[PDB]
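I have placed the structure first, in the form of structure tokens, so that the comments after it can refer back to it.
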2 protein chains.
Amino acid sequence: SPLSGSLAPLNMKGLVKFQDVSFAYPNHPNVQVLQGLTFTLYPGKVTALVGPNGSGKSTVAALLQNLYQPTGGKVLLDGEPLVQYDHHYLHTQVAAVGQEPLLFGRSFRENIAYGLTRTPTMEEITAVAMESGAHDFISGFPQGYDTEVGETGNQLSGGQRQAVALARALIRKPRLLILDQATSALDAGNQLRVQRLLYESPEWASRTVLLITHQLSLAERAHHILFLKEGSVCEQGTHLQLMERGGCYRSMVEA
Amino acid sequence: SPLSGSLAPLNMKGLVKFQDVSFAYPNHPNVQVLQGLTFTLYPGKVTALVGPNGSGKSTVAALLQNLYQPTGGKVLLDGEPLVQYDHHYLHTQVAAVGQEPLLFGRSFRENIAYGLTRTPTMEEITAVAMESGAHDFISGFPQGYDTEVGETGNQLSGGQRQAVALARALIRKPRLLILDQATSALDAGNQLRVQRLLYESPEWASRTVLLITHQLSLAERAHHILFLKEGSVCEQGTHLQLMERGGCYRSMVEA
Ligand SMILES: Nc1ncnc2c1ncn2[C@@H]1O[C@H](COP(=O)(O)OP(=O)(O)OP(=O)(O)O)[C@@H](O)[C@H]1O
Ligand SMILES: Nc1ncnc2c1ncn2[C@@H]1O[C@H](COP(=O)(O)OP(=O)(O)OP(=O)(O)O)[C@@H](O)[C@H]1O
Ligand SMILES: [Mg+2]
Ligand SMILES: [Mg+2]
């Protein structure tokens, strides 16, 4: 293992390549989850990852954060195996959002800013919270952003939780953003604003975004769509292209 | 409160009325969540409940199970205040599904059959699992339906968990079924199958269904739609009716 965790380049393009990737979970090694899995995530694109329940979408998200390593094949980040990047470095360059709980006992400000090397200003905190749809509800609390998450049993609403978790990932400005059904709890207005940010803002134009979703309307807007079935990409392309093909994606839109 | 918890009738139509309902959570009593809230849920209808983040949709679901009581106004079930029904009786007649975890250390069969008065046959267990999309993956395990949930750290996929939780609610055959964003984790095929069950099957035809969702395509199919804003129903009717109305729902659809 001499090259393991050795890389932390100052510049990172965020070009991701899965190359003939297979995977089974270490503690369940005799059930194949990903197999012959090959795709490229290009910076400047939002790539949507879609497919049936259990097809392997969240597993792909896990491998992209080096939470696990491929059992076969290669996961490359700018041409180098992901395992050769420093643990803390990958944390700074790759941010993933799912449906996880917030950090109880810490403030909303802390929750948004958690894990940063720098201390963002309140202007910066408020700016990102306005994008995710978290600013209005936080500003309605008597202690504002200094309000404690989980205070006196208040669990927040699902979409409110999601808006805070999104702001946390957004303010990090990662080279690779992974949204694992991170907007399914957001309302129409909030979902629309987050999408505008990713598709229109200058800062996201150079970054790599993976959008995992069962929502057709989000998939339809992506620059590229990967259809994952039984741990492999059986078809891919734009919405229009996949509709012409009349395969699994078309059948998903029809259903 | 001599009438509190006293009712347990054999015949339950499932007609639900909120009448001028207000609510604040007991530990946060000075933040109003629901206010001037009036609607009816009729048996034989799927009623969709839609609205922005934090509008009070899950709170309504909680009040429908008598997990909390209204601070003002009335929650009637077949004309009688909900507080007047026996705690266990309501458990048998009202089932709610959300994104909650499964029961770890119990089998899949146990998870589906949990809390039932009777012991369902395997034909009955597999039938419901087939409707929710759980049968195929469960049937792939070496001990099948007798496989332990959470075995050796396997937490399943999000959609797989949701399919199990759905099967548990469906097999109870409650008079009132509450789906709190219970199908957003399900793939297209599974979502469609569940909808066919609710809209087409004879058993669900006499039952009351509340479908809480941010997915417009699901709302559009509903027999009635409630648009919740700031804890109050500001408009309601069919999709076509609300589209002709030209208010908040139409704006959401066109957004
Ligand atoms: N246990 C609680 N204690 C105090 N306040 C709560 C609690 N649960 C929810 N709330 C608050 O009540 C309001 C309504 O929340 P609810 O979860 O009902 O909204 P919702 O319409 O389901 O939201 P979303 O669409 O984001 O899921 C929110 O402002 C929320 O923070
Ligand atoms: N920690 C784990 N250990 C063992 N197996 C797992 C683990 N997590 C997921 N799996 C299995 O791997 C397969 C892929 O799961 P994954 O969560 O990647 O699918 P998904 O495409 O995101 O599913 P969904 O659309 O249902 O959310 C499933 O069969 C699942 O049960
Ligand atoms: Mg998943
Ligand atoms: Mg909710």
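So that the names make sense, note that chain A is the first sequence line, chain B the second, and so on, each numbered from 1. Side chains included, hydrogens not; waters and symmetry mates left out as well; all remaining heavy atoms used.
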Non-hydrogen atoms of [X] and [Y] that approach each other most closely:
{"X": "B:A95", "Y": "B:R172", "value": "CB-NH1, 3.2 Å"}
{"X": "B:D78", "Y": "B:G14", "value": "OD1-N, 3.0 Å"}
{"X": "B:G231", "Y": "B:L37", "value": "O-CB, 3.7 Å"}
{"X": "A:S132", "Y": "A:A167", "value": "OG-CB, 3.7 Å"}
{"X": "A:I212", "Y": "A:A61", "value": "CD1-CB, 3.9 Å"}
{"X": "B:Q32", "Y": "B:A24", "value": "OE1-CB, 4.0 Å"}

Which value, rounded to the nearest 0.5 Å, describes the distance between [X] atom [atom1] and [Y] atom [atom2]?
{"X": "B:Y68", "Y": "B:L82", "atom1": "OH", "atom2": "CG", "result": "14.5 Å"}
{"X": "A:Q162", "Y": "A:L179", "atom1": "CD", "atom2": "CG", "result": "8.5 Å"}
{"X": "A:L211", "Y": "A:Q181", "atom1": "CG", "atom2": "CD", "result": "9.5 Å"}
{"X": "B:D136", "Y": "B:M130", "atom1": "CG", "atom2": "CE", "result": "8.0 Å"}
{"X": "B:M12", "Y": "B:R207", "atom1": "CE", "atom2": "CZ", "result": "12.0 Å"}
{"X": "B:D20", "Y": "B:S232", "atom1": "CG", "atom2": "OG", "result": "8.5 Å"}

Sub-3.5 Å donor-acceptor pair from the side chain of [X] to the main-chain atoms of [Y], do we have one?
{"X": "B:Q236", "Y": "B:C234", "result": "no"}
{"X": "B:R161", "Y": "B:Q155", "result": "yes"}
{"X": "A:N53", "Y": "B:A185", "result": "yes"}
{"X": "B:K57", "Y": "B:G51", "result": "yes"}
{"X": "B:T47", "Y": "B:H224", "result": "no"}
{"X": "B:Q19", "Y": "B:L76", "result": "no"}

Does either side chain, that of [X] or that of [Y], offer a donor lying less than 3.5 Å from an acceptor on the other one?
{"X": "B:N190", "Y": "B:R193", "value": "yes"}
{"X": "B:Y25", "Y": "B:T59", "value": "yes"}
{"X": "B:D180", "Y": "B:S58", "value": "yes"}
{"X": "B:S206", "Y": "B:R175", "value": "yes"}

Evaluation steps, side chain to side chain contact (heavy atoms under 4.5 Å, CB included), between B:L177 and B:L198: CA-CA 10 Å; B:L177 177 66; B:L198 298 179; 3.9 Å; yes
Min side-chain heavy-atom separation [X]-[Y] under 4.5 Å:
{"X": "B:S55", "Y": "B:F227", "answer": "no"}
{"X": "B:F18", "Y": "B:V75", "answer": "yes"}
{"X": "B:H135", "Y": "B:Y145", "answer": "yes"}
{"X": "B:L228", "Y": "B:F39", "answer": "no"}
{"X": "A:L102", "Y": "A:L156", "answer": "yes"}
{"X": "B:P174", "Y": "B:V94", "answer": "no"}
{"X": "B:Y114", "Y": "B:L103", "answer": "yes"}
{"X": "B:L15", "Y": "B:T40", "answer": "yes"}

Evaluate whether atom [atom1] of [X] has more than 12 neighbouring non-hydrogen atoms of other residues, nucleotides or ligands under 6.0 angstrom away.
{"X": "B:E244", "atom1": "CD", "value": "no"}
{"X": "B:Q84", "atom1": "CD", "value": "yes"}
{"X": "A:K229", "atom1": "NZ", "value": "no"}

message: The test is side chain to side chain contact (heavy atoms under 4.5 Å, CB included); show your working for B:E148 and B:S107 and say whether it passes.
response: CA-CA 4 Å; B:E148 179 190 303; B:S107 72; 6.0 Å; no
- request: Using the test side chain to side chain contact (heavy atoms under 4.5 Å, CB included), find all partners of B:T183 that sit at least two apart in sequence or belong to another chain.
  value: B:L186, B:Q191, B:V194, B:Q215, B:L218
message: Out of the candidates B:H239, B:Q241, B:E254, only one should pair with B:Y249 under the side-chain hydrogen bond (donor to acceptor under 3.5 Å, both in side chains) rule; please name it.
response: B:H239
- prompt: Between A:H214 and A:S184, does a side chain to side chain contact (heavy atoms under 4.5 Å, CB included) hold up when you go through it step by step?
  reply: CA-CA 9 Å; A:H214 291 290; A:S184 61; over 6 Å; no
task: Show the numbers, then the answer: is there a side chain to side chain contact (heavy atoms under 4.5 Å, CB included) between B:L77 and B:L90?
output: CA-CA 10 Å; B:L77 180 61; B:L90 272 182; 3.9 Å; yes
